[PDB]
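K.L.:
Here is my input, please return the structure:
(chains A, B, C, D, E, F, G, H, I, J, K and L, ligands or ions: 7)
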Amino acid sequence: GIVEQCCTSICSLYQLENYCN
Amino acid sequence: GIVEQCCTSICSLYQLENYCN
Amino acid sequence: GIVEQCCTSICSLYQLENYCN
Amino acid sequence: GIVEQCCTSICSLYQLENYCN
Amino acid sequence: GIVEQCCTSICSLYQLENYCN
Amino acid sequence: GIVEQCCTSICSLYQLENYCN
Amino acid sequence: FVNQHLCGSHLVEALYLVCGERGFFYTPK
Amino acid sequence: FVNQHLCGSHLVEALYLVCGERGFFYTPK
Amino acid sequence: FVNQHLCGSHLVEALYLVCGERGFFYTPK
Amino acid sequence: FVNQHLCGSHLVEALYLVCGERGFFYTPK
Amino acid sequence: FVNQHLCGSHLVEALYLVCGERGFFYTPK
Amino acid sequence: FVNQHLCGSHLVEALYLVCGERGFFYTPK
Ligand SMILES: Cc1cccc(O)c1
Ligand SMILES: Cc1cccc(O)c1
Ligand SMILES: Cc1cccc(O)c1
Ligand SMILES: [Cl-]
Ligand SMILES: [Cl-]
Ligand SMILES: [Zn+2]
Ligand SMILES: [Zn+2]
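P.N.:
Numbering: from 1, shown residues only, chains lettered A, B, ... in the order given. Ligands and ions are numbered 1, 2, ... in the order given. The relevant structure is shown in the block below.
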């Protein structure tokens, strides 16, 4: 999930936007 | 300035990008 | 929703738990 | 204290509540 | 208290130092 | 810059004040 | 409006802490 | 574990900003 | 009320920074 | 006033995220 | 030392939330 | 890189507080 993805590596605002509703 | 523009109304992320270097 | 309920009045931590998964 | 306890290990909201007044 | 003094008006960092241990 | 200086070592409020305008 | 945006920011930080491993949902108005 | 807990607090702040009115679920795995 | 809760959040973050090693006390109204 | 100080805090956090490597400028009123 | 300084900022935010009207002392050791 | 991104978020919050009405540029290098 998001912790694995974005706490091991920076995520941009576009990568983050995948987790949105 | 950014306070006038974005504290009196809500700014999109696009509008916020105006204050990026 | 949580804004109506918790921005118009202050929510306990118990009340906030209503929005936990 | 709290830095030793809770920055070496996660503390829950119950463990944190010990440091309250 | 600090809320009366610093939420009704803006406190300098000097004024905030009054609430340091 | 500031990331090099203050993320490798703590900076006080006085050290930070160098980066101000 | 802005005040709501501000409020929301703090609610998500509080839900993050309260809800812990359960995680949470945030749905604004 | 603390590092992860700290990271997650910023993650949710970032989703709050990026998702806007859409909202989001936070499900740490 | 909520506005005070919000204010308080930011005051504690500011006392944390200002007061440094002395630490601080936070007593709401 | 205080409300503006509060608003500003959240704008800088949002500019930090939005602007990324470009960095940003924050000039209050 | 920076890691600890960052952690402490979240600690105090968390006490602010958990302690509520009781308030708290922050004394880092 | 995440550690640095997290640190930077607190840096800017701290400059916001310390600089006050002067404002600041945030230029990460
Ligand atoms: C915005 C943000 C916060 C935390 C971690 C990331 O990878 C991205
Ligand atoms: C809520 C919180 C913040 C920081 C560290 C912890 O262990 C707990
Ligand atoms: C206030 C602050 C934040 C982050 C790093 C520092 O060195 C100082
Ligand atoms: Cl952090
Ligand atoms: Cl606020
Ligand atoms: Zn706020
Ligand atoms: Zn942090």
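K.L.:
show me where chain G has strands.
P.N.:
Along chain G, the stretches classed as strands by DSSP state E are G:24-26.
K.L.:
Can you tell me the centre-most residue of it?
P.N.:
residue G:12 (2.0 Å; Cα atoms, centre = their mean).
K.L.:
before we move on, what about chain A?
P.N.:
Taking Cα atoms, centre = their mean, chain A has its central residue at residue A:16, 4.0 Å away.
K.L.:
Counting by contacts, list what the helix or strand that contains it packs against.
P.N.:
Under the criterion of DSSP states H and E, residue A:16 resides in helix A:13-16. Contact analysis of helix A:13-16 by 3 or more Cβ pairs under 8 Å, 6 or more residues apart in numbering or on different chains; DSSP states H and E lists helix A:2-8, helix H:2-19 as its packing neighbours. Using the backbone N, CA and C atoms, a C-beta is placed for each residue, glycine as well.
K.L.:
swap the cut-off to 10 Å and go again
P.N.:
helix A:2-8, helix H:2-19, helix J:2-19 (3 or more Cβ pairs under 10 Å, 6 or more residues apart in numbering or on different chains; DSSP states H and E).
K.L.:
Adding distance to chain C as columns, could you present these in JSON lines?
P.N.:
Compiled in JSON lines, the helices and strands packed on helix A:13-16 are given as follows (distance: least, Cβ to the nearest Cβ, whole Å):
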{"stretch": "helix A:2-8", "distance to chain C": "14"}
{"stretch": "helix H:2-19", "distance to chain C": "12"}
{"stretch": "helix J:2-19", "distance to chain C": "14"}
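K.L.:
Those: which one's closest to residue F:6?
P.N.:
helix J:2-19 (14.4 Å; Cβ to Cβ).
K.L.:
so, in contact with ligand 1 or not, that closest one?
P.N.:
Yes: on the criterion Cβ under 6 Å from any ligand atom, helix J:2-19 is in touch with ligand 1 at residue J:17.
K.L.:
report the angle between the axes of that helix and helix G:2-19?
P.N.:
70 degrees (axes from the mean of the first three to the mean of the last three Cα atoms, to 10 degrees).
K.L.:
For helix J:2-19, which residues meet the burial criterion?
P.N.:
With burial defined by 16 or more other Cβ atoms under 10 Å in any protein chain shown, the residues of helix J:2-19 counted as buried are J:2-3, J:5-19.
K.L.:
related to what we said a few turns ago, chain G is nearest to which of the helices and strands packed on helix A:13-16?
P.N.:
helix H:2-19 (4.8 Å; Cβ to the nearest Cβ).
K.L.:
now that closest one, how far from the centre of its chain.
P.N.:
Helix H:2-19 sits 3 Å away from the centroid of its parent chain (Cα atoms, centre = their mean, to the nearest Å).
K.L.:
again with stretch G:9-25
P.N.:
Using Cα atoms, centre = their mean, the offset of stretch G:9-25 from its chain centre is 6 Å.
K.L.:
try stretch A:6-17
P.N.:
3 Å.
K.L.:
what's the span of it, first residue to last?
P.N.:
Length of stretch A:6-17, first residue to last, Cα to Cα, to the nearest Å: 12 Å.
K.L.:
who touches that stretch?
P.N.:
A:2, A:5, A:18-19, B:13, H:3-8, H:10-11, H:14-15, H:17-20, H:22, H:24, H:28, J:17-18, J:20, L:1-6 (Cβ atoms under 10 Å, 6 or more residues apart in numbering or on different chains).
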